[PDB]
């Protein structure tokens, strides 16, 4: 609900609080069928223009079917298949003899129906397009009996419209080797997705959540090609199940913290590592290091726990006491003092070093703050942009409250001569141990 922020002057880091979690922990697989007709030969001696148009669209249908057939013969084994294994396990069941007839019977009278497969999975199946009925009722009388009947122009247009979804599904599945993500409206219309959300064995609060964030749901779903066999095109849609809901989530922002001496080459730097999204999860903290794995929509984060690390809840103490013995706070060291800025949720961190011109402006007043050398921060209240060198950054104009937590920059507690610079994924105590070892070589002399 309320977004807040905290800048820690001592460590050149900020934490954006108040976000609610939605972490993916399960998969809900569903079978999507398209009833095909298997027509073959069309003896046609008629040259009528309407007949040519029908036979042309019929060839686009036959090629789409043969393309899906050579696509299903080749079964991809790329990546670790660890995130589609649930849907892939369903495709192996669909390949069983008699199994396509079971789903074929349930969708005889209705479009949607729950089916208990021969492996105990009660999947929700769906007949989203019925080409067997259209081709066999409206098209066969036009291309059998030796000479073609003349179809009306409405039929020529109606068949291009119905056949189009088959061709586009074949188009996406061909370039992506049978596995598409996000799931497009051709694979599943918004109307079908929302109806599928309603039919899911989930809570009413979870149906409201997925229905209000369908675009994020599509981006966290998979469409897997199964089999085309016996006048049935089947493919599995894997939708996310968010097992973790409304747990506090926060985003850590970090920026280099160097000393500001006047003789260059005598300065040492330090940067907190593991910036990104953190969410409370089952007595621990789920950390997401990669930037593209979490979508945020209005204070709710939607993450996939597949690309997370599980950390003890004491990892949060790097935000209140970085020198705290319960968790070994990770840092990186260097002597590379290049200016930069980080746009946070409610403001901007600015690390200004050397001769760089760093400033913060309001659109109508101009420069309202000039940063000096070191690491500093400014809230978005009254600030529109931040300029660092030749680069202009826009501050997020989101409502919230920032808190500037003053403190001595910790880089000032380190003697430069014995500082271990050039270390990457190092801990606070690792740096201290290298300092205790470098102090013993001077102790003897």
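Residue numbers count along the first chain shown, from 1.
When 346 to 354 is weighed against 145 to 153, 145 to 153 comes out higher, by mean CA B-factor as recorded in the entry. Comparing 107 to 115 with 236 to 244, the stretch with the higher mean C-alpha B-factor in the PDB entry is 107 to 115. The PDB entry gives the largest Cα B-factor of the residues 397, 401, 406, 55 to 55. Reading the B-factor column for the CA atoms of 224, 216, 139, 360 in the entry, the top value corresponds to 139. In the PDB entry, a CA B factor belonging to the middle third of its chain's modelled residues is recorded for residue 297.
Among the modelled residues of its chain, residue 228 has a C-alpha B-factor that falls in the highest third according to the deposited record. Among the modelled residues of its chain, residue 64 has a C-alpha B-factor that falls in the middle third, as given in the PDB entry.
Residue-level temperature factors show residue 376 in the lowest third of its chain, judged at the C-alpha atom. When the modelled residues of the chain are ordered by C-alpha B-factor, residue 334 sits in the middle third.
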